[PDB]
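Only one structure is covered here, and it is reproduced in the block below.
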Number of protein chains: 2
Amino acid sequence: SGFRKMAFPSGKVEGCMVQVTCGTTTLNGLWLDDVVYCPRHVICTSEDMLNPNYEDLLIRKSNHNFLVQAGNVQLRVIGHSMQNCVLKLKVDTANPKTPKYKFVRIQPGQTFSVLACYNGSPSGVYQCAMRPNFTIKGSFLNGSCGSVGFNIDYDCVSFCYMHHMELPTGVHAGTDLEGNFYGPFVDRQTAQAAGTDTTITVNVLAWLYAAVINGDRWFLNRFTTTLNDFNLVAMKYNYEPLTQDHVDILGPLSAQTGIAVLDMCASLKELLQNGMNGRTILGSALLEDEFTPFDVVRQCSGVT
Amino acid sequence: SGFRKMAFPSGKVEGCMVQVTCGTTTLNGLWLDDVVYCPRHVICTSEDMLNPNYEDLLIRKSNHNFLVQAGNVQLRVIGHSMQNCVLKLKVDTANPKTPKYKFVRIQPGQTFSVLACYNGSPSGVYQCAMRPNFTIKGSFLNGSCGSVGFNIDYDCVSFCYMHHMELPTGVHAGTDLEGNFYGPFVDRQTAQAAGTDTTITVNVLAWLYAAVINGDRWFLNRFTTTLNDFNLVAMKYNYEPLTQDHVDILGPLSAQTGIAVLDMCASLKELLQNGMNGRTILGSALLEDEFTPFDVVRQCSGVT
Ligand SMILES: *C(=C)CNC(=O)[C@H](NC(C)=O)[C@@H](C)O
Ligand SMILES: *C(=C)CNC(=O)[C@H](NC(C)=O)[C@@H](C)O
């Protein structure tokens, strides 16, 4: 019993973190096989960041200008290329701790663990969600760039995020491991504003299921609703529309608790309309939306 | 910027987790050097748990009755002893991944990371606090016993907790690594009720400092208070008394923000008395008390 904002064990990713220095810029890289992946803004001065031409800045850079340090041992860079907003540095040594891995581009609402790193060294691990506006609400100081987000399926690390940017509002933007930004963001020090940070409705419902499973039941009501009726109220509260696909995904949690998905929608509708009245659910005074249905099943079943 | 409930990177502890089986009971052990530490209730049937005599149950157990598996390789048990509520199993192989480590007994209000494990395998990592009633609010399913709590100082893992028990209220109890329970709890399936779960005042103040550092400032008021005046209001709201020792500990956060500790106490006093009025602080609708002053400094400075 109990339900915690839980990250994946980080060891498999700790074994991939290196330091990348180009001139006076230091950030983190991800060493998988004989490639080190890092944000391409490693080549920029903060002056360059105001309006960088990355192809032009890269002409001035050779293999030997990219200083890669794994623990306190230097890796020899034998190649470099730009792919979208990441640099791939070919090194002469395969990472011996390379886990089974994939690169995935996640959808908004999907959750992942972040291993916050400085100078190629792990500082901490926390759980994030890709917001519907393609930001994440992270904890990232200067030097944290190249920190990665990941999911683990048994022995396979799926890398879904690399940290690049803080917006002036202090929310975070980054790329998949192909170097494509999530959302419309660019690796330039210019005015970039996030869109509406809507609530991930299917995640709130999963977490309400998690609450019922863990004995928190006060909010269960005598009502049901329809997707269309629910969605009219959802829109009013800046909640994402609920689709039949989301209902299908919540099926196993419905089965386990015996609470029809649309019944739990009607409970959520009343919580939105009435508020919490000073009550808590799983120790939160607001509706949590950074647990996926898959996260709730995983934590509630003890997957390793 | 941003402030997250962040755990220590877990890799160093992942390398210590093993499976311990005695008869039909399986749980987790911690392998450090040539010793495996696990809850002594590994020797119990759930029938035994109603009123176990551990010394008598242990007479029936030999080295070869303790099945220790590290990854999918069996360790040879060459010795066993009971220390308080833990068993120490001497194995013929030093754990090659043994980190620098210490055993510490933490105080209430102190935070630590938990690596939740099943069958000696890591499922996830999350941040906890030792509650003032010496429970923790964990996420622990059957099989999670022997999961450990820890802090890391650079390269040294300080192990402070081993999971033993869920109270009927679904809160958690356990021991330090000497096998001494935190609080009055016993490893027996009997009515054990937790005392008052008070709020860790010094931790709330640290987190209010964290909020100011990260741009959340709406709750800063025009008032100050005294420790005695603050404490009269604290007691009314089931907050722990604030001592001069806590004021001293918050000194660096005071210095960094220029907000006198007693000024921040007066802000907290108004938040207790007025509530949040539907507002949030660092994305919480309640006052967070599972960040220590040391945690806020660490996360705000990016220690590795
Ligand atoms: C992103 C991580 C860019 N890197 C930095 O800003 C570095 N800052 C610190 C404090 O490490 C800088 C040395 O390049
Ligand atoms: C504490 C972890 C005691 N262990 C258990 O209850 C085990 N349960 C599961 C599901 O692993 C049992 C096999 O001994």
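Chain labels run A, B, ... following the order of the structure tokens; each chain numbers its residues from 1, and ligands are numbered from 1 in the order shown.
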
*Go through the chains and note each residue within 9 Å of ligand 2, using only C-alpha atoms and all ligand atoms, then give the set as a VMD selection string.*
(chain A and resid 302) or (chain B and resid 21 to 28 39 41 to 42 44 to 46 118 to 119 140 to 147 163 to 165)

_Every residue of region 50-293 of chain B that DSSP places in alpha helix (DSSP H), as a PyMOL selection string_ = chain B and resi 54-59+201-213+227-236+244-257+261-274+293

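Candidate residues A:102, A:40, A:64, A:222 were compared for distance to ligand 1, and the nearest is A:40, using only C-alpha atoms and all ligand atoms.
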
Least-squares fit of chain A onto chain B (C-alpha, ordered pairing) as a compact mmCIF listing (two decimals) with C-alpha atoms, in the first residue's frame:
# COMPACT_ATOMS: atom_id res chain seq x y z
CA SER A 1 15.02 26.63 -11.91
CA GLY A 2 12.21 24.27 -10.85
CA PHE A 3 12.13 22.23 -7.64
CA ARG A 4 11.26 18.49 -7.69
CA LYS A 5 10.88 15.76 -5.06
CA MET A 6 14.25 14.29 -6.12
CA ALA A 7 15.78 10.97 -4.99
CA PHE A 8 19.48 10.10 -4.92
CA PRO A 9 20.69 8.27 -8.02
CA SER A 10 20.06 4.61 -7.05
CA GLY A 11 22.83 2.79 -9.02
CA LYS A 12 25.16 2.35 -6.01
CA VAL A 13 22.29 0.68 -4.05
CA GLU A 14 20.96 -1.34 -7.03
CA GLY A 15 24.39 -3.08 -6.99
CA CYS A 16 23.72 -4.26 -3.37
CA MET A 17 20.20 -5.73 -3.74
CA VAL A 18 19.78 -9.54 -3.48
CA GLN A 19 16.90 -11.97 -2.99
CA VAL A 20 16.69 -13.87 0.33
CA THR A 21 14.40 -16.96 0.60
CA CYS A 22 13.83 -18.92 3.85
CA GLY A 23 11.34 -21.78 3.25
CA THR A 24 8.40 -20.15 1.44
CA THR A 25 9.17 -16.51 2.47
CA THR A 26 11.03 -14.36 -0.15
CA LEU A 27 12.15 -10.78 0.45
CA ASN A 28 15.12 -8.48 -0.30
CA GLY A 29 18.55 -8.32 1.31
CA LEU A 30 21.36 -5.78 1.21
CA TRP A 31 24.74 -7.28 0.26
CA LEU A 32 27.68 -5.18 1.60
CA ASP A 33 31.13 -6.79 1.67
CA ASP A 34 30.52 -10.49 2.60
CA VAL A 35 27.34 -9.84 4.67
CA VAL A 36 23.69 -9.89 3.51
CA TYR A 37 21.33 -7.90 5.78
CA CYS A 38 17.59 -8.74 5.69
CA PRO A 39 14.55 -8.54 8.01
CA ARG A 40 14.60 -11.44 10.53
CA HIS A 41 10.89 -12.11 9.68
CA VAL A 42 12.28 -13.91 6.55
CA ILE A 43 12.20 -17.00 8.87
CA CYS A 44 8.41 -16.58 9.56
CA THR A 45 5.30 -18.10 7.97
CA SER A 46 2.46 -15.46 8.07
CA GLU A 47 1.08 -17.79 10.85
CA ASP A 48 4.38 -17.24 12.80
CA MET A 49 3.92 -13.44 12.31
CA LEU A 50 0.90 -13.37 14.75
CA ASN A 51 3.24 -14.02 17.73
CA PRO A 52 6.77 -15.02 16.60
CA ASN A 53 9.56 -16.15 19.02
CA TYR A 54 12.49 -15.28 16.69
CA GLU A 55 15.22 -16.97 18.81
CA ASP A 56 13.14 -20.21 18.90
CA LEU A 57 12.30 -20.04 15.14
CA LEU A 58 15.99 -19.43 14.34
CA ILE A 59 17.11 -22.66 16.16
CA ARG A 60 15.32 -24.58 13.30
CA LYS A 61 17.37 -22.69 10.61
CA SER A 62 20.84 -23.53 9.24
CA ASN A 63 23.10 -21.57 6.85
CA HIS A 64 21.79 -23.76 3.94
CA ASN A 65 18.12 -22.81 4.75
CA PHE A 66 18.87 -19.14 3.72
CA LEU A 67 18.78 -19.00 -0.11
CA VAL A 68 20.62 -15.87 -1.32
CA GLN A 69 20.51 -15.00 -5.04
CA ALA A 70 22.41 -11.99 -6.53
CA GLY A 71 21.23 -11.45 -10.10
CA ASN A 72 20.59 -15.07 -11.12
CA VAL A 73 23.67 -16.47 -9.22
CA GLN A 74 23.38 -18.20 -5.79
CA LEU A 75 25.63 -17.01 -2.92
CA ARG A 76 26.98 -19.58 -0.45
CA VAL A 77 25.89 -18.72 3.15
CA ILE A 78 28.71 -19.60 5.61
CA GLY A 79 27.20 -17.93 8.68
CA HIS A 80 24.09 -16.26 10.13
CA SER A 81 23.29 -14.20 13.22
CA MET A 82 20.35 -12.16 14.49
CA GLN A 83 21.06 -8.52 15.47
CA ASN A 84 17.87 -6.91 16.87
CA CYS A 85 15.29 -7.26 14.00
CA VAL A 86 17.78 -8.02 11.17
CA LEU A 87 19.57 -11.18 10.12
CA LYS A 88 23.17 -10.88 8.97
CA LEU A 89 24.02 -13.71 6.53
CA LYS A 90 27.78 -14.18 6.07
CA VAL A 91 28.42 -15.24 2.43
CA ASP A 92 31.69 -16.57 0.95
CA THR A 93 31.95 -13.70 -1.64
CA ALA A 94 32.41 -9.95 -0.96
CA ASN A 95 29.95 -7.94 -3.06
CA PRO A 96 32.27 -6.59 -5.84
CA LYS A 97 29.91 -3.56 -6.25
CA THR A 98 30.02 -2.67 -2.50
CA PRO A 99 30.09 1.16 -2.41
CA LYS A 100 31.70 3.15 0.41
CA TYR A 101 28.96 2.99 3.04
CA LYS A 102 27.87 3.82 6.57
CA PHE A 103 24.93 2.77 8.74
CA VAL A 104 23.15 5.76 10.28
CA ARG A 105 20.11 6.04 12.53
CA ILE A 106 18.27 9.16 11.34
CA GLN A 107 16.10 11.54 13.42
CA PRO A 108 12.44 12.30 12.63
CA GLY A 109 12.16 14.97 9.90
CA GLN A 110 15.18 13.56 8.01
CA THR A 111 14.59 12.62 4.36
CA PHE A 112 16.07 9.70 2.39
CA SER A 113 15.60 7.83 -0.88
CA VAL A 114 13.92 4.37 -0.94
CA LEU A 115 14.81 1.84 -3.62
CA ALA A 116 11.64 -0.30 -3.72
CA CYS A 117 12.68 -3.91 -4.63
CA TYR A 118 10.87 -7.23 -5.26
CA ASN A 119 12.80 -10.55 -5.49
CA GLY A 120 16.11 -8.63 -5.10
CA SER A 121 15.27 -6.50 -8.22
CA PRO A 122 14.73 -2.71 -8.25
CA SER A 123 11.23 -1.49 -9.23
CA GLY A 124 11.61 2.24 -8.48
CA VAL A 125 13.09 5.03 -6.38
CA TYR A 126 11.31 7.76 -4.36
CA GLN A 127 12.03 10.29 -1.58
CA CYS A 128 10.60 9.73 1.96
CA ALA A 129 10.88 11.41 5.35
CA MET A 130 11.04 9.78 8.78
CA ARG A 131 7.70 11.10 10.14
CA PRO A 132 7.66 12.59 13.68
CA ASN A 133 5.67 9.46 14.73
CA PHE A 134 8.56 7.27 13.31
CA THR A 135 6.49 5.91 10.42
CA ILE A 136 7.23 6.61 6.76
CA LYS A 137 4.67 7.02 3.97
CA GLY A 138 6.19 4.64 1.41
CA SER A 139 5.01 2.60 -1.56
CA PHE A 140 5.58 -1.02 -0.53
CA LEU A 141 3.72 -4.16 -1.83
CA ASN A 142 4.12 -7.73 -0.50
CA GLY A 143 7.72 -8.82 -1.27
CA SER A 144 9.14 -5.27 -0.68
CA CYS A 145 10.51 -6.09 2.85
CA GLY A 146 14.33 -5.55 2.96
CA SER A 147 14.09 -2.57 0.52
CA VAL A 148 16.41 0.08 2.03
CA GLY A 149 16.42 3.87 2.52
CA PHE A 150 19.64 5.81 2.01
CA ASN A 151 21.35 9.16 1.57
CA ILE A 152 24.49 9.67 -0.58
CA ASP A 153 27.34 12.11 0.32
CA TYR A 154 29.49 12.18 -2.93
CA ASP A 155 30.62 8.49 -3.06
CA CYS A 156 29.44 7.27 0.42
CA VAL A 157 25.99 5.62 0.79
CA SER A 158 24.55 6.15 4.32
CA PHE A 159 21.93 3.40 4.81
CA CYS A 160 19.28 4.62 7.32
CA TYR A 161 16.24 2.35 6.76
CA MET A 162 15.21 -1.20 6.00
CA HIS A 163 11.52 -1.88 5.23
CA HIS A 164 9.79 -4.42 7.54
CA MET A 165 6.13 -3.58 8.09
CA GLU A 166 2.87 -1.97 6.93
CA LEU A 167 0.53 -0.78 9.76
CA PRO A 168 -3.21 -1.47 9.20
CA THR A 169 -3.50 2.30 8.32
CA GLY A 170 -1.17 1.59 5.31
CA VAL A 171 1.83 3.61 6.68
CA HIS A 172 5.22 1.90 6.97
CA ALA A 173 7.63 0.89 9.74
CA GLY A 174 11.18 -0.40 9.66
CA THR A 175 14.60 -0.53 11.22
CA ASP A 176 18.00 1.06 10.84
CA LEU A 177 20.68 -1.36 9.49
CA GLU A 178 21.44 -2.45 13.10
CA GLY A 179 17.88 -3.88 13.12
CA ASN A 180 16.45 -1.34 15.66
CA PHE A 181 12.91 -0.23 14.70
CA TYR A 182 12.29 3.47 14.27
CA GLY A 183 9.65 4.25 16.91
CA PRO A 184 7.84 1.68 19.11
CA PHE A 185 6.98 -0.82 16.35
CA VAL A 186 7.66 -4.58 16.55
CA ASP A 187 7.97 -7.18 13.76
CA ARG A 188 4.71 -8.90 14.80
CA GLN A 189 1.27 -9.02 13.06
CA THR A 190 -0.55 -7.27 15.97
CA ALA A 191 -2.53 -3.98 16.35
CA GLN A 192 0.09 -1.24 16.17
CA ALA A 193 -1.25 2.30 15.83
CA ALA A 194 0.87 5.33 14.81
CA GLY A 195 0.88 8.51 16.96
CA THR A 196 0.13 12.02 15.64
CA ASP A 197 1.71 12.61 12.20
CA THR A 198 2.81 16.22 12.84
CA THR A 199 4.21 18.52 10.09
CA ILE A 200 8.03 18.93 9.98
CA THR A 201 8.05 22.74 10.43
CA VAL A 202 11.76 23.27 9.60
CA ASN A 203 11.20 21.30 6.31
CA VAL A 204 8.16 23.46 5.34
CA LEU A 205 10.29 26.61 5.94
CA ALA A 206 13.14 25.16 3.82
CA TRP A 207 10.62 24.44 1.02
CA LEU A 208 9.19 28.02 1.31
CA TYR A 209 12.82 29.25 0.87
CA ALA A 210 13.08 26.86 -2.18
CA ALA A 211 9.87 28.47 -3.55
CA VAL A 212 11.25 32.04 -3.18
CA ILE A 213 14.54 30.94 -4.90
CA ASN A 214 12.47 29.45 -7.81
CA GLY A 215 10.27 32.60 -8.26
CA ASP A 216 7.14 31.58 -6.25
CA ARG A 217 6.81 34.60 -3.86
CA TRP A 218 3.03 35.46 -3.57
CA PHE A 219 2.86 34.16 0.05
CA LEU A 220 5.68 36.46 1.35
CA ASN A 221 3.92 38.81 3.85
CA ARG A 222 4.77 42.14 5.60
CA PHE A 223 4.98 40.46 9.07
CA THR A 224 7.49 38.90 11.43
CA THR A 225 7.01 36.82 14.58
CA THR A 226 8.98 35.28 17.49
CA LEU A 227 9.74 31.57 17.99
CA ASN A 228 7.29 31.54 20.97
CA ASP A 229 4.46 33.30 19.02
CA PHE A 230 5.05 31.10 15.92
CA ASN A 231 5.15 27.92 18.12
CA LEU A 232 1.75 28.74 19.77
CA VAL A 233 0.22 28.75 16.21
CA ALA A 234 2.37 25.73 15.09
CA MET A 235 1.08 23.59 18.02
CA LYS A 236 -2.56 24.51 17.09
CA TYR A 237 -1.91 23.19 13.50
CA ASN A 238 -0.02 19.96 14.61
CA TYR A 239 3.32 21.42 13.42
CA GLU A 240 6.53 20.42 15.26
CA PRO A 241 7.93 23.14 17.56
CA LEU A 242 10.62 25.32 15.87
CA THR A 243 13.84 25.57 17.92
CA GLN A 244 16.85 27.92 17.61
CA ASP A 245 18.71 24.86 16.20
CA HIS A 246 16.18 24.87 13.26
CA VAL A 247 16.67 28.69 12.85
CA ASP A 248 20.49 28.10 12.76
CA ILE A 249 20.06 25.32 10.14
CA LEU A 250 17.93 27.66 7.91
CA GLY A 251 20.65 30.42 8.18
CA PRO A 252 22.18 29.77 4.70
CA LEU A 253 18.73 29.84 2.98
CA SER A 254 17.98 33.09 4.93
CA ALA A 255 21.34 34.53 3.73
CA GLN A 256 20.74 33.51 0.06
CA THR A 257 17.20 35.00 -0.10
CA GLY A 258 17.66 37.90 2.38
CA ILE A 259 14.46 36.75 4.20
CA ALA A 260 15.02 36.49 8.00
CA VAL A 261 13.95 33.06 9.31
CA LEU A 262 11.33 34.65 11.65
CA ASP A 263 9.90 36.65 8.66
CA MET A 264 9.41 33.35 6.78
CA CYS A 265 7.84 31.91 10.02
CA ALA A 266 5.31 34.83 9.92
CA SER A 267 4.53 33.98 6.25
CA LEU A 268 4.00 30.32 7.21
CA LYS A 269 1.83 31.46 10.19
CA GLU A 270 -0.44 33.40 7.76
CA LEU A 271 -0.58 30.41 5.32
CA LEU A 272 -1.70 28.14 8.21
CA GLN A 273 -4.34 30.68 9.35
CA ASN A 274 -5.60 31.83 5.89
CA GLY A 275 -4.94 28.66 3.83
CA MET A 276 -3.73 28.75 0.19
CA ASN A 277 -7.06 30.24 -1.11
CA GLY A 278 -6.80 27.84 -4.13
CA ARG A 279 -3.23 28.98 -4.90
CA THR A 280 -0.19 26.67 -5.26
CA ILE A 281 3.49 26.90 -4.14
CA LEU A 282 6.00 24.98 -6.30
CA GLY A 283 2.97 23.17 -7.85
CA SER A 284 1.65 21.99 -4.42
CA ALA A 285 -1.73 22.95 -2.85
CA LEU A 286 -0.38 21.95 0.59
CA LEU A 287 2.76 22.89 2.53
CA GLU A 288 5.47 20.28 1.66
CA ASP A 289 7.51 19.00 4.63
CA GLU A 290 9.67 16.22 3.00
CA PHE A 291 12.53 18.56 1.96
CA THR A 292 15.23 19.22 4.63
CA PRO A 293 17.14 22.52 4.62
CA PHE A 294 20.13 20.38 3.40
CA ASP A 295 17.94 18.96 0.55
CA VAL A 296 16.93 22.51 -0.59
CA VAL A 297 20.60 23.67 -0.59
CA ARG A 298 21.71 20.47 -2.42
CA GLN A 299 19.03 20.64 -5.17
CA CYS A 300 19.37 24.47 -5.48
CA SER A 301 23.24 24.16 -5.88
CA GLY A 302 23.36 20.94 -8.06
CA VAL A 303 25.60 18.77 -5.79
CA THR A 304 26.76 15.43 -7.37
